[PDB]
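For reference, each letter of the sequence shown is one residue, going 16 to 36, 36A to 36B, 37 to 58, 58A to 58B, 59 to 65, 65A to 65B, 66 to 143, 145 to 168, 168A, 169 to 184, 184A to 184B, 185 to 245 in the authors' numbering. Each residue gets a CB set at the ideal place from its N, CA and C atoms; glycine is no exception. In what follows, a single structure is set out as structure tokens and then discussed.
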Amino acid sequence: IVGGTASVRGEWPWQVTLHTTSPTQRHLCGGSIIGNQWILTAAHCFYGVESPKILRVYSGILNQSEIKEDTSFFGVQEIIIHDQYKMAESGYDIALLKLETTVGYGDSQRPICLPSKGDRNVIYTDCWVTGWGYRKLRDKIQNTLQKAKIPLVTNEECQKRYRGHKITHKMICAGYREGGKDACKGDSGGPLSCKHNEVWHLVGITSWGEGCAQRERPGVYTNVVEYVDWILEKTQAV
Ligand SMILES: NC[C@H]1CC[C@H](C(=O)N[C@@H](Cc2ccccc2)c2nc(-c3ccc4c(N)[nH]nc4c3)c(Cl)[nH]2)CC1
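What follows is the structure, given as structure tokens:
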């Protein structure tokens, strides 16, 4: 996250750090708890990931330094990538991780509500992007979870900022015209959380962008409301 500040412990309790174990253990992507055995994240995180056996999900983490060999984590039973996904820039950048065990909810780890179908018309004015990503273009994964408040931008405005790309209605953008605050390398897969009627909703999944916090280059996110039927299809299968 560029231009953000340290989060307080328990502030974003749906935020997870997805680590890979191959070749060495390190943070790979962000993710969000949406159900007791379900993590919602970005499909692009799995490029070259041949098996869910190399993945570890850590919930209730503020600092990456809390993670050692003796730290509990959730194993991944299954990786579910949207079947229309080709690349982040073309959309369908959404995946579900089915966990091997059940997340016990509490003040450190709990789910974020998915947006409502009726709420596709609501105007979100209180949106935050979080993650352990870079604070500048050439950096390293941050120890402390960062946060930044970012305004949502219309599809029309985002399309003007991305000449040569196709910004679909299954994408949602957020950024300041002058830049300064944005998601950056390592934040992908994490949430874009918006507060409405005292309830937080998972509005976006950090997906892609041209650089980090550049003027007239907002972050592009998976527009979660457009995938609520797909999420229910996969999580509520009979
Ligand atoms: N302004 C809008 C934002 C939107 C999100 C975007 C992003 O985050 N894209 C992803 C894509 C990706 C690429 C490779 C694996 C998973 C996902 C990324 N993640 C790392 C990354 C990850 C872990 C790292 C680590 N352990 N050390 N360094 C690390 C850097 C790199 Cl590089 N690019 C950056 C621009």
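Query	Result
Given 8 angstroms, three or more beta-carbon pairs between the stretch 188-206 and the stretch 83-94	no
Inter-stretch contact (C-beta, 8 angstroms, three-pair minimum) for the stretch 154-165 and the stretch 116-131	no
Pick from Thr35, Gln50 and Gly100 that is closest to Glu109, judged by C-alpha positions	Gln50
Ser214 and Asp102 closer than 8 angstroms at C-beta	yes
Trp237 versus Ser81: straight-line alpha-carbon distance, rounded	30 angstroms
Cβ-heavy atom distance, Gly18 to ligand 2, below 7 angstroms	Ligand 2 is absent from the structure shown, which contains only ligand 1.
Distance CB(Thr32)-CB(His40) smaller than 8 angstroms	yes
DSSP state of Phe82 mapped onto helix, strand, coil	coil
heavy atom of ligand 1 below 7 angstroms from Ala104 C-beta	no
Alpha-carbon to alpha-carbon, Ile76 and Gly69	11 angstroms
One or two residues paired with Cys122 in a DSSP bridge	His208
Proximity to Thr37 [Cα-Cα], best of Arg65B, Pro225, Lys188 and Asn72	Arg65B
Top-ranked residue by Cα proximity to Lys64, from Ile181, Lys107, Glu205 and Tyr228	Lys107
beta-carbon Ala183 near ligand 1 non-hydrogen atom, thresh 7 angstroms	no
Contact belief for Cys42 with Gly218 at Cβ below 8 angstroms, rounded distance in angstroms	Rounded, the Cβ-Cβ distance is 19 angstroms, inconsistent with contact.
Through-space distance from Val227 to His174, alpha-carbon basis	11 angstroms
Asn72 in three-state terms, based on DSSP	strand
Reference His178, options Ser45, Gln73, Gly211 and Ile47, closest by Cα	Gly211
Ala244 Cβ short of 7 angstroms to ligand 1 heavy atom set	no
Buried/exposed call for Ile132, threshold 16 Cβ in 10 Å	exposed
Element boundaries [alpha helix (DSSP H), containing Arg170]	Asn165 to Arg170
CB of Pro124 within 8 angstroms of CB of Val206, strictly	no
Distance between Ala183 and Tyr143 (C-alpha atoms, nearest Å)	18 angstroms
For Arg148 and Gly186, believed in contact at Cβ under 8 angstroms, the rounded distance	No, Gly186 and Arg148 are not in contact; Cβ-Cβ is about 17 angstroms, not under 8 angstroms.
Where the beta strand (DSSP E) containing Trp51 begins and where it ends	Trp51 to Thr54
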